[PDB]
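Okay, so here's just one chain, in structure tokens, the form deposited in one PDB entry.
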């Protein structure tokens, strides 16, 4: 029951896909692969078809391909991007070389929509609510997004939102250098590798996003890692003795101690005119000590979301086994694992 594939030269490369996918139009390409928008005749949906580039060129890339596939296959939630289809023109493992991932084509991201723009409080409540709803689900599976930012949040005409572009491969040092949005939303503990981070880094990101939706401005637009740290400490105050101890690196800890101490600012005087409940939530999310930040599940129960919160309609995820992350395998082994995941894929209802 293998579909019939047809070939077409797109993105300077040959694309071989099932007949169901029509009107392929290149819309982007990265170091990870090329993407084409298409019309899926089987579902009637507009979709993004991503052809990975040399998915098995090294152990690192092979494991990354496997990682991304396992992750997309697991995500089954309204506010998270899921996998509509995955296919390969290969008819056997020996012939297996290419991987195509198919997902919902999302109109645009939060970035290309609210850029230099301030949204109403009701609008912010709905958007942040959906992000936290997707995040409760994600974290419940012990998965950390690690790269939440406006450009990784898709929204349709009805303001329905989906989280995407999970952190699969560590960004390059150059990618996080300077006045770049790629770093403005990162929690300080991970921006400067202070300690073994956890799911709480994602809540810091939500806080930065939320503040930007409310003000129309980037909360911490640092020109470099240090400038950014100063912008952050200026708002939330410098680390106390309790947090200092939790910082593994002696170097980091030592640099921190060189800074003049500063008290946490009054957020009501920072986010002027903002809903007091919004201010309160921001203070709970933008906490320097990650151990003390509010969790997604806790945040959903915060009064700011009274209008949308429904404890019976904020599902958690099935257990997600990521023991493979510690597996030491050869390229071909990662490739065979990916192959099994491709052929065992079951279309969503």
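Numbering follows the first chain given and starts at 1.
- Between the stretches 331-339 and 7-15, it is 7-15 that shows the larger average CA temperature factor.
- 104-112 and 269-277 differ in mean CA B-factor, and the higher of the two is recorded for 104-112.
- Of the candidates 286, 317, 299, 27, the PDB record gives 27 the highest C-alpha temperature factor.
- Based on the entry's C-alpha B-factors, the most elevated value among 70, 64, 293, 54 belongs to 54.
- In the PDB entry, residue 149 places in the lowest third of its chain by CA B-factor.
- Sort the modelled residues of the chain by CA B factor and residue 178 lands in the middle third.
- Per the deposited record, the Cα B-factor of residue 263 falls in the middle third when ranked against the other modelled residues of its chain.
- Per the PDB record, residue ranking by Cα B-factor puts residue 282 in the lowest third of the chain.
- Ranked by Cα temperature factor within the chain, residue 125 sits in the middle third according to the deposited record.
This protein has a second form, the form deposited with a small molecule bound, left out of what is shown; the following refers to that one.
- Judged by heavy atoms within 4.5 Å of the small molecule in the deposited bound form, the contact stretch among the candidates 90-98, 161-169, 263-271, 214-222 is 161-169.
- In the deposited bound form, none of the heavy atoms of residue 210 sits within 4.5 Å of a heavy atom of the small molecule.
- In the deposited bound form, the small molecule sits beyond 4.5 Å of every heavy atom of residue 136.
- Not displayed here, the small molecule is approached by residue 27 to within 4.5 Å at the level of heavy atoms in the deposited bound form.
- The closest non-hydrogen atom of residue 108 lies within 4.5 Å of the small molecule in the deposited bound form.
- With the partner removed from view, the residue among 300, 294, 35, 317 that has a non-hydrogen atom within 4.5 Å of the small molecule in the deposited bound form turns out to be 35.
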